[PDB]
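See structure below.
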Amino acid sequence: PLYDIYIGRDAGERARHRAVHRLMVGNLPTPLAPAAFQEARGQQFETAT
Amino acid sequence: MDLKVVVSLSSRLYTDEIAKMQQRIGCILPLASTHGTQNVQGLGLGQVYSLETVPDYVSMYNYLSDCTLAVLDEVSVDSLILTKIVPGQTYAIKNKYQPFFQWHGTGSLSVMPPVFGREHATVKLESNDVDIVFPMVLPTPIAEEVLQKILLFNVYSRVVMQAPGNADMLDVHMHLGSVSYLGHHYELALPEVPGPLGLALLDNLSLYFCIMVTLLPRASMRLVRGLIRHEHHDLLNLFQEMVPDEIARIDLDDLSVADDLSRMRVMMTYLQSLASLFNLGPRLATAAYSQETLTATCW
Amino acid sequence: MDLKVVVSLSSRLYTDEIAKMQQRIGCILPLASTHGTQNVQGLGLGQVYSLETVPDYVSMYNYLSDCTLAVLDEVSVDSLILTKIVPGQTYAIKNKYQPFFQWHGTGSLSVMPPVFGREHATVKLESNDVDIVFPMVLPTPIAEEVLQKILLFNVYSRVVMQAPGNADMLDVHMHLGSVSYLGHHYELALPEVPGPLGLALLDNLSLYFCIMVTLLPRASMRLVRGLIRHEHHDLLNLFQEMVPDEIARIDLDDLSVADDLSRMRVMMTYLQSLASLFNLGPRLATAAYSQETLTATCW
Amino acid sequence: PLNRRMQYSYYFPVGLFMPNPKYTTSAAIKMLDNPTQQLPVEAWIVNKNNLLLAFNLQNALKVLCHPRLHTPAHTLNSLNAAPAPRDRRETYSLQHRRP
Amino acid sequence: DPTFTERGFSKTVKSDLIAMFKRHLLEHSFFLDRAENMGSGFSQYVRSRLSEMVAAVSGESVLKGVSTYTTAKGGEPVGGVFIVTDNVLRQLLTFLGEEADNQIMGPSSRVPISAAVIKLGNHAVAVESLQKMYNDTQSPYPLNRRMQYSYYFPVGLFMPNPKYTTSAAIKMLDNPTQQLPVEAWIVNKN
Amino acid sequence: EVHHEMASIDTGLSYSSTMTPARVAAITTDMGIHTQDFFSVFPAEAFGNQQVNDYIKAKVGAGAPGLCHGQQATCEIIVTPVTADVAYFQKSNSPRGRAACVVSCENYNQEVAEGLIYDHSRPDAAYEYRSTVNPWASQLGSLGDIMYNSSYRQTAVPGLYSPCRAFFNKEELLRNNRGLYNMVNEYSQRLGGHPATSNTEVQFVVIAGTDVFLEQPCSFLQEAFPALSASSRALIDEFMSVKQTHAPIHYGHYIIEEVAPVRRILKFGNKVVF
Amino acid sequence: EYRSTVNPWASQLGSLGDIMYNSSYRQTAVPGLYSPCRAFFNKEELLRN
Amino acid sequence: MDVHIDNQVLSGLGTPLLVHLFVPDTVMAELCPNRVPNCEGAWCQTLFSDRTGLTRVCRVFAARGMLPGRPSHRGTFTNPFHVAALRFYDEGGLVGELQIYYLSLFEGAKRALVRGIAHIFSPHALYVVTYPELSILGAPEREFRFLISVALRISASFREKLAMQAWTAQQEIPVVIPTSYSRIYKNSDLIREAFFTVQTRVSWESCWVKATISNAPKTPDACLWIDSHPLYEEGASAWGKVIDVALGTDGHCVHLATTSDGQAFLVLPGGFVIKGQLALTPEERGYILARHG
Amino acid sequence: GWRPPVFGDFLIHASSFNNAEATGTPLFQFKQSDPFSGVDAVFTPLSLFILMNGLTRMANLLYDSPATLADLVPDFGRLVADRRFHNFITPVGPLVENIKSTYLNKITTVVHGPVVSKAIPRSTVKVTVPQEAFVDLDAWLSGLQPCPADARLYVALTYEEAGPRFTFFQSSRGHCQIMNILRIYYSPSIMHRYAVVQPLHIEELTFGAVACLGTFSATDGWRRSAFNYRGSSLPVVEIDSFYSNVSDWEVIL
């Protein structure tokens, strides 16, 4: 969930996967959390603050 | 006063296995706990020595010291019948092992992990998916010889590292590799990496060696420095007319009774400790032996 | 249970021999055969320690560690009636050795071969033309110190034979002649001469100790430099300062690469054979000693 | 020995989201909250002795605050130690190229 | 019940015993009063309750062979004694009929004790009412126990601001977002 | 010591004895909430800064003196994306998001069964249209795989039971592959699957089993049964009020009615749902 | 399990409900006028079990 | 910090002078790809140019450190114009050689006593500790030019072998061509790029360098040491792979394979193989024997 | 079932040994120089804590004044300089019989064998040591380690900067590694001793000495009794089925 993993092209040796951190909640993919979830989370944030 | 343990097998083993296990009758193996009924995994030594893991011998000495040892008495298709070892009782014993050393009358015996050959001492049980691993019992001098060899190998495989190959071709494989005996030469299994456990033992050795080097007497060094040049002997054949200049640099002060007496006294107090840092194995005193039977009376 | 066994003599004993044995009833013997009844040559320690050939000490040590010990119970005209010693049973001792040596309650008896004169230690049997030689028994710290003083005396005597000026014999005699244990003062005479030839009891332990003490710092610096890692025990580092500097300065490149394995291996063999010696062979404890009755309840 | 102990496994979800067309079946409940924006953040569980209990994010953090979530090294190792990975054609941004 | 106590006493078992204390305390106290609402369950419930009570008492005596009192018809022995009050006795004789030979011969020095008998499950049990003779000394009957159990109720709490409801009927018009209770109502003994 | 030995043989070929659950005497483990802490499971790992790790350990992570309800149940948590359907959780299904039945596929074919368990090019046997509900747990190398697979972690302290261990272990799933008569025999003849202990506080893994009797069917079927779950007080109050007409799904709030083989009487105040 | 105490002034040592109904008072009137909450707030009679 | 007094009681009494150096992880990012393993086995050696050549090999243990009160030094702790080289390994497949230089050190040793210095070979900032007990341009270039001379000779040797064989080709490895294109016989595009990259590839750990250094006669005669750098520079090139072939099958690989006897093989995509010959004077053997062994 | 244990008889003067002491504490004997037929000068560990300097309150309530004890061991300050005091503390075993006399006192212990009394057909006893100044070295560093048959009680006597102190250690693994684990245990106290090592010469370097008292019946554990003296409230570990086999003092550093 937290990271994103990809594959680079292989040069001379078979390439190994690489992971980079998403750092923010909105960097989730839209299939996993849609825009409706985001605006509802925003309204809940506003009520909490 | 009654020593008897039966081990209940989970599932029946084949005839091929029961044949070789009945061939193995009368031999020592270690057991995990003192109960009448034991699980089969604690019965085998193979728990401490898996195939996949790196071989670690001194930890197997640690394992074999704790595990109360038993003698296989009857092999049945669901049952392994063992008697055990009270330290103060006398029972017969048999020797039938593949790296084979003929035993001597009134020569003490020691128990060791099977350093020599993986397949030779062990039998796997694929019907119950384990391996029974017989330990190695040896007469004490060649046992201490193998122990010294394994400790010096755990040093020198660290020492060689990479850079001199001329160290690698002789050091790793000549003294450390082969165990000689009368008319015989037997190989040792060498760990690909010198692993754990032995190094804490080397730490304690280094502690004793530094404390002993604090207290050394000079007059004995004088005896060495005089005899290596003025005379020649068989004990001194390691030392030619050359002396290590080390003993010349330690050899500048005069001699005195009062200092060497106390130095010798403290070295007497510290050489008593090395027997327990050296021994590490259970001792069995042999009182009778039957060469025709390969059946001794240990103690 | 009943373990008293009799040796049968070939010829009739004379009266002087009878009274000499009646002097030394309750003392210890080496017993070559586990079964008692067999010829007279077994019970003597004369095969190892003889008037004829100069004895090396480690031969007697290896002989005493193996063979069992027995206690005389009765002497009759054609028979010697002995009692075997087995651990787990209580026995009686009288200290009819010659050199009186005080036995305290709960002390540690140790059995060591005699360094005194032969006429003091043995009985000759002119009747059966054999020799019976009695192993000495002495308390454990006193026996430690006896070995200390005779070893240091051998070193000083061999040095003064090498170089007369460096060693003063009066300073040797004043210190090593006296042995003090618990307010009891015993003066023990040292070996009479080392001579050009192989000397009476020592010179083997001395040379083994000497090769050991010279190899110890050279081996130790190599080991300490070899050991260094993460997981090593921390106290080693604290003792790295403890070594004297000139011992620390030695480079490993001088001694050749395979000779490292030679010096280390030889030093380890000498250490391991040497350390168990100073535990002082066979050992026992005594519950209660009686001075006026001169009787020790041992086990 | 007839008194056997039968052992089961239960599970329940919490923190879920309903999609955009939102519908109610029951006519009894009249909550004040706007139905579009509302989102459940907690669960209620009936205990054995019929005491109502709350499962919440805060109680759930004793697993959510551990390094085994965050570090990728074992995921990476289990991913690349396989014979064939995905077709390696992906090339874009992956590392910055300095001018 | 040896099922609960077979593993010895432990923290969890003691806790489950306390929980079942609470359950049986709420559910199966005043069983004869709750027998009114059951209707068609007149006999079977009372039979199960009294048989469970007889089952609770252990049947093992260490002396192992004590001679027994017997019914006037003989044979099977007397197992227990129920002590009741008068109205309870009359109601138990209404629900459980079939009175056997009352005249129980079991005590020795043969005498017609008249210990009203009922047959419960396997065993003959005598049922006795001693209220009359304690009334004739004008002293209160010691089976009329008095129970003291405590009550508690809250007043003045706040409902949290996401207000919800279930009942469609009620219209308080207090503009419910700002309403708060300041008093409570209790239903009397009468 | 007096020794006495007996012999037993089975006469007819097929089964001549059958055991059956009849009447529940007690529920010993409560169904309450007790999340298992991972600072006890992995005490050796740490974050970078000592201060930050000390803060995180102090705020959340922090024997029991007494308990009133019974033996606590260890709760384990699997992360899951928020678009997971309700209807996967209402019916008996594995937490992984894929069916885990190894009985159906062909015998002694590790690659075929591992294809069903671990390939996602083909959908799971529970639902054709979707492949998986939460790919953060089902796929190899995902967070559920890291979290609860046995012998990949290798640094967990033994002696702490894990409910998801029975569901995520590749070995214990692979053992079911054989013929079903072997499963029927091995079910009652042998114990195993690492069942939890009885009559302790914190529900450890079993070792002795001296006179301790387990029968676990969920290891064979490879599913877990859903419990009563309510998103708010409103739905649980209505469900306690009316059984039949209650909404399973409200506008944004949901309720899962408990599907358990032991139907349990639920009592709130004076209203009873059973 | 998630909460410690519903009413913090009722539970704690030295707290208000404690000081109202512990055995810590002695200035109070003789044994008459029985207190119900006495049965809930003693230390000794509680630890009797 | 303990490593300094450990050396001074064991190795500092074998070697006269020591300069105690601490390396940040950013400097470590130069050598090691995608790994942060602890640096125990790291071998520091000296190497001095234009007078004579020698190396002395020693381990100073490295541990990550929080002990600087300054936040900036958070990280790992372990005739001027010349080189020092640190050879770093672990149990796995990772070998790196780092080059520290002087005149960062003698100026840097000027007063937690710490000072920042710069790398010349792989420019970053390093930090030097000072304990209370305490011709430019040709000098780096040599390890470059020496090796690159070898490449030129090897490349010329390939041409001579092509001059043996009437200047076309022969296939020594059974690799099926990817397809029978008409637009494939412009493979002159490929071979040119060989002489592009082989001359622009120079590193101390080339394949033929390890082929020069042989422990045994028989097992190196039975073993091949290969390296494949990709075409045209996409990515990181691999050196020193052992063969105790697939390289010819997949594209983007101008495979190069050297035997211990100095015989080389340039393999193109499509399995075309050209044999090459090596020429090493005893000076070159002395240099490679000095550094590599 | 084994052979009856070899008892030892001892005559102590009654002023250096309390009658109140429980049956089963182990006793330690000291060797006098010129006369030793008269006063045996046996010590108990609570007396040893007074001769070496809420255990301290009980050790001062039982034993008052110390200079008789200082007379019995006059050279204690010379022995701690040379590390020779461990060469005189011999182990003797747990207590069985205490025949009461005014000037003398008759102590009967068990040198070797299973601990027991002698009057009736061999009623057994137990051996007790206090839980403070007692360290279980099995819970100190804690697949699954095997369960051995038999457990050993060792004794160590250690010269720290605040004088010498004794400890009793209970383990079950082996004699060849209890030394190494005991060095690992006494590592930090060793780290506190080498402040003033460098002026002092070679004889001081010894840190302590280890003996092996005996093998008690393992796989059981111990219990926690107390002392029933007037003010005591003193917790004491007790162990049954004890078999005494006092060993030699093996040096640790």
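Ligands are numbered from 1 in the order shown, chains are lettered A, B, ... in the order of the structure tokens, and residues start at 1 in each chain.
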
Could you give me, as a Markdown table, a per-residue list for chain C showing, wherever an atom lies at most 8 Å from an atom of chain I, the closest pair of atoms and their distance in Å to one decimal, using only C-alpha atoms and sorting by chain then residue number from low to high?
| residue | atom | partner | partner_atom | distance |
| --- | --- | --- | --- | --- |
| C:106 | CA | I:92 | CA | 7.4 |
| C:182 | CA | I:33 | CA | 4.9 |
| C:183 | CA | I:33 | CA | 4.8 |
| C:184 | CA | I:33 | CA | 7.7 |
| C:235 | CA | I:187 | CA | 7.1 |
| C:287 | CA | I:8 | CA | 6.2 |
| C:288 | CA | I:8 | CA | 6.9 |

N, CA, C and O atoms of the current selection, written as a short mmCIF file (atom, residue, chain, number, x, y, z; two decimals), in the first residue's frame:
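To be explicit, this is the file written out as result07.cif:
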data_model
loop_
_atom_site.label_atom_id
_atom_site.label_comp_id
_atom_site.auth_asym_id
_atom_site.auth_seq_id
_atom_site.Cartn_x
_atom_site.Cartn_y
_atom_site.Cartn_z
N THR C 106 38.08 -32.95 55.50
CA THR C 106 37.51 -32.46 54.24
C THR C 106 38.57 -31.97 53.25
O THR C 106 38.24 -31.22 52.32
N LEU C 182 49.59 -24.18 56.38
CA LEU C 182 48.70 -24.07 57.54
C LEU C 182 49.49 -24.17 58.84
O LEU C 182 49.20 -24.99 59.72
N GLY C 183 50.55 -23.38 58.94
CA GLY C 183 51.40 -23.41 60.11
C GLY C 183 52.26 -24.64 60.27
O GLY C 183 52.99 -24.74 61.26
N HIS C 184 52.21 -25.59 59.33
CA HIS C 184 53.08 -26.75 59.37
C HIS C 184 54.21 -26.56 58.39
O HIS C 184 53.98 -26.21 57.22
N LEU C 235 35.37 -7.73 26.84
CA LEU C 235 36.47 -7.67 27.80
C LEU C 235 37.83 -7.84 27.15
O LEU C 235 38.83 -7.31 27.65
N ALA C 287 36.56 -37.74 54.74
CA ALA C 287 35.57 -37.16 55.64
C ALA C 287 36.18 -36.78 56.99
O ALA C 287 36.07 -35.62 57.41
N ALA C 288 36.82 -37.73 57.67
CA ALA C 288 37.38 -37.50 58.99
C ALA C 288 38.76 -38.13 59.09
O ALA C 288 38.96 -39.27 58.65
#

Determine, for each residue of chain D having at least one atom at most 9 Å from an atom of chain G, the closest pair of atoms and their separation in Å to one decimal, counting only C-alpha atoms; order by chain and ascending number, as CSV.
residue,atom,partner,partner_atom,distance
D:53,CA,G:1,CA,8.3
D:54,CA,G:2,CA,7.4
D:55,CA,G:2,CA,8.1
D:56,CA,G:2,CA,8.5
D:58,CA,G:2,CA,8.8
D:59,CA,G:2,CA,6.9

List every residue of segment 90-185 of chain F that DSSP, applied to the backbone of this structure, assigns to alpha helix (DSSP H), and report them as a PDB file with N, CA and C atoms, in the first residue's frame.
ATOM      1  N   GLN F  90     -20.193 -10.594   3.931  1.00  0.00           N
ATOM      2  CA  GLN F  90     -21.427 -11.139   4.477  1.00  0.00           C
ATOM      3  C   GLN F  90     -21.493 -12.654   4.369  1.00  0.00           C
ATOM      4  N   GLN F 110       1.461 -29.739  -6.903  1.00  0.00           N
ATOM      5  CA  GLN F 110       1.798 -28.529  -6.158  1.00  0.00           C
ATOM      6  C   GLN F 110       1.693 -27.287  -7.026  1.00  0.00           C
ATOM      7  N   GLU F 111       2.102 -27.394  -8.290  1.00  0.00           N
ATOM      8  CA  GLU F 111       2.086 -26.237  -9.175  1.00  0.00           C
ATOM      9  C   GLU F 111       0.664 -25.839  -9.541  1.00  0.00           C
ATOM     10  N   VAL F 112      -0.222 -26.820  -9.719  1.00  0.00           N
ATOM     11  CA  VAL F 112      -1.614 -26.532 -10.066  1.00  0.00           C
ATOM     12  C   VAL F 112      -2.330 -25.858  -8.899  1.00  0.00           C
ATOM     13  N   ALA F 113      -2.168 -26.422  -7.699  1.00  0.00           N
ATOM     14  CA  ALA F 113      -2.795 -25.852  -6.514  1.00  0.00           C
ATOM     15  C   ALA F 113      -2.218 -24.485  -6.189  1.00  0.00           C
ATOM     16  N   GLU F 114      -0.904 -24.319  -6.357  1.00  0.00           N
ATOM     17  CA  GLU F 114      -0.292 -23.010  -6.165  1.00  0.00           C
ATOM     18  C   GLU F 114      -0.741 -22.025  -7.239  1.00  0.00           C
ATOM     19  N   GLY F 115      -1.079 -22.528  -8.429  1.00  0.00           N
ATOM     20  CA  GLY F 115      -1.713 -21.691  -9.432  1.00  0.00           C
ATOM     21  C   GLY F 115      -3.057 -21.162  -8.975  1.00  0.00           C
ATOM     22  N   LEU F 116      -3.875 -22.026  -8.373  1.00  0.00           N
ATOM     23  CA  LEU F 116      -5.167 -21.550  -7.875  1.00  0.00           C
ATOM     24  C   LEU F 116      -5.002 -20.589  -6.699  1.00  0.00           C
ATOM     25  N   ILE F 117      -4.064 -20.879  -5.793  1.00  0.00           N
ATOM     26  CA  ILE F 117      -3.887 -20.045  -4.604  1.00  0.00           C
ATOM     27  C   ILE F 117      -3.282 -18.688  -4.967  1.00  0.00           C
ATOM     28  N   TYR F 118      -2.353 -18.658  -5.924  1.00  0.00           N
ATOM     29  CA  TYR F 118      -1.443 -17.529  -6.055  1.00  0.00           C
ATOM     30  C   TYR F 118      -1.345 -16.891  -7.434  1.00  0.00           C
ATOM     31  N   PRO F 135      -5.787  -7.019  -3.276  1.00  0.00           N
ATOM     32  CA  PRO F 135      -4.488  -7.503  -3.764  1.00  0.00           C
ATOM     33  C   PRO F 135      -3.323  -7.149  -2.857  1.00  0.00           C
ATOM     34  N   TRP F 136      -3.526  -6.287  -1.858  1.00  0.00           N
ATOM     35  CA  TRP F 136      -2.520  -6.038  -0.828  1.00  0.00           C
ATOM     36  C   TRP F 136      -2.270  -7.239   0.077  1.00  0.00           C
ATOM     37  N   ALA F 137      -3.108  -8.268   0.010  1.00  0.00           N
ATOM     38  CA  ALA F 137      -2.943  -9.463   0.823  1.00  0.00           C
ATOM     39  C   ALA F 137      -2.822 -10.746   0.016  1.00  0.00           C
ATOM     40  N   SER F 138      -3.533 -10.855  -1.106  1.00  0.00           N
ATOM     41  CA  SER F 138      -3.639 -12.134  -1.797  1.00  0.00           C
ATOM     42  C   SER F 138      -2.378 -12.468  -2.573  1.00  0.00           C
ATOM     43  N   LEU F 143       1.424  -7.263   1.195  1.00  0.00           N
ATOM     44  CA  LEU F 143       1.623  -6.991   2.618  1.00  0.00           C
ATOM     45  C   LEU F 143       1.015  -8.082   3.489  1.00  0.00           C
ATOM     46  N   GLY F 144      -0.082  -8.693   3.041  1.00  0.00           N
ATOM     47  CA  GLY F 144      -0.619  -9.833   3.770  1.00  0.00           C
ATOM     48  C   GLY F 144       0.312 -11.030   3.736  1.00  0.00           C
ATOM     49  N   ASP F 145       0.940 -11.260   2.581  1.00  0.00           N
ATOM     50  CA  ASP F 145       1.916 -12.331   2.423  1.00  0.00           C
ATOM     51  C   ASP F 145       3.096 -12.136   3.365  1.00  0.00           C
ATOM     52  N   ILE F 146       3.602 -10.910   3.451  1.00  0.00           N
ATOM     53  CA  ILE F 146       4.669 -10.610   4.396  1.00  0.00           C
ATOM     54  C   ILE F 146       4.195 -10.788   5.823  1.00  0.00           C
ATOM     55  N   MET F 147       3.001 -10.289   6.116  1.00  0.00           N
ATOM     56  CA  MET F 147       2.460 -10.196   7.459  1.00  0.00           C
ATOM     57  C   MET F 147       2.260 -11.573   8.077  1.00  0.00           C
ATOM     58  N   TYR F 148       1.533 -12.469   7.413  1.00  0.00           N
ATOM     59  CA  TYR F 148       1.136 -13.680   8.115  1.00  0.00           C
ATOM     60  C   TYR F 148       1.586 -15.001   7.491  1.00  0.00           C
ATOM     61  N   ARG F 165      -2.266 -17.145  10.610  1.00  0.00           N
ATOM     62  CA  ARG F 165      -1.247 -18.119  10.231  1.00  0.00           C
ATOM     63  C   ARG F 165      -1.868 -19.316   9.528  1.00  0.00           C
ATOM     64  N   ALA F 166      -3.048 -19.743   9.980  1.00  0.00           N
ATOM     65  CA  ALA F 166      -3.741 -20.847   9.327  1.00  0.00           C
ATOM     66  C   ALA F 166      -4.207 -20.484   7.922  1.00  0.00           C
ATOM     67  N   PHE F 167      -4.378 -19.196   7.637  1.00  0.00           N
ATOM     68  CA  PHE F 167      -4.870 -18.770   6.333  1.00  0.00           C
ATOM     69  C   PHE F 167      -3.769 -18.388   5.352  1.00  0.00           C
ATOM     70  N   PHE F 168      -2.628 -17.884   5.826  1.00  0.00           N
ATOM     71  CA  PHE F 168      -1.575 -17.397   4.937  1.00  0.00           C
ATOM     72  C   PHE F 168      -0.378 -18.326   4.784  1.00  0.00           C
ATOM     73  N   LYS F 170       1.829 -21.086   3.344  1.00  0.00           N
ATOM     74  CA  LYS F 170       1.834 -21.783   2.060  1.00  0.00           C
ATOM     75  C   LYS F 170       1.936 -23.293   2.252  1.00  0.00           C
ATOM     76  N   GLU F 171       2.689 -23.730   3.265  1.00  0.00           N
ATOM     77  CA  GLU F 171       2.831 -25.154   3.562  1.00  0.00           C
ATOM     78  C   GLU F 171       1.514 -25.781   4.009  1.00  0.00           C
ATOM     79  N   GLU F 172       0.842 -25.149   4.973  1.00  0.00           N
ATOM     80  CA  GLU F 172      -0.397 -25.701   5.510  1.00  0.00           C
ATOM     81  C   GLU F 172      -1.517 -25.677   4.476  1.00  0.00           C
ATOM     82  N   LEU F 173      -1.495 -24.712   3.560  1.00  0.00           N
ATOM     83  CA  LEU F 173      -2.425 -24.765   2.440  1.00  0.00           C
ATOM     84  C   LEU F 173      -2.054 -25.876   1.468  1.00  0.00           C
ATOM     85  N   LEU F 174      -0.758 -26.083   1.232  1.00  0.00           N
ATOM     86  CA  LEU F 174      -0.335 -27.084   0.256  1.00  0.00           C
ATOM     87  C   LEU F 174      -0.587 -28.510   0.742  1.00  0.00           C
ATOM     88  N   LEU F 180      -9.110 -37.105  -0.443  1.00  0.00           N
ATOM     89  CA  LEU F 180      -9.942 -36.644   0.665  1.00  0.00           C
ATOM     90  C   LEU F 180     -10.111 -37.690   1.760  1.00  0.00           C
ATOM     91  N   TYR F 181     -10.016 -38.984   1.429  1.00  0.00           N
ATOM     92  CA  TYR F 181     -10.018 -40.019   2.464  1.00  0.00           C
ATOM     93  C   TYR F 181      -8.844 -39.845   3.421  1.00  0.00           C
ATOM     94  N   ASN F 182      -7.686 -39.460   2.881  1.00  0.00           N
ATOM     95  CA  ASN F 182      -6.525 -39.141   3.701  1.00  0.00           C
ATOM     96  C   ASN F 182      -6.819 -37.961   4.618  1.00  0.00           C
ATOM     97  N   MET F 183      -7.555 -36.963   4.111  1.00  0.00           N
ATOM     98  CA  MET F 183      -7.978 -35.835   4.939  1.00  0.00           C
ATOM     99  C   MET F 183      -8.918 -36.278   6.051  1.00  0.00           C
ATOM    100  N   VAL F 184      -9.852 -37.183   5.742  1.00  0.00           N
ATOM    101  CA  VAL F 184     -10.818 -37.642   6.738  1.00  0.00           C
ATOM    102  C   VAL F 184     -10.118 -38.412   7.852  1.00  0.00           C
ATOM    103  N   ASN F 185      -9.189 -39.299   7.482  1.00  0.00           N
ATOM    104  CA  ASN F 185      -8.422 -40.034   8.489  1.00  0.00           C
ATOM    105  C   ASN F 185      -7.552 -39.101   9.320  1.00  0.00           C
TER     106      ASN F 185
END

With DSSP run on the backbone, what are the strand (DSSP E or B) residues within segment 57-291 of chain B? I'd like them as a PyMOL selection string.
chain B and resi 69-76+79-84+91-94+109-112+122-125+130-133+136-139+178-181+184-187+283-284+288

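Interatomic distance, atom CA of residue 149 of chain B to atom CA of residue 30 of chain B: 24.0 Å.
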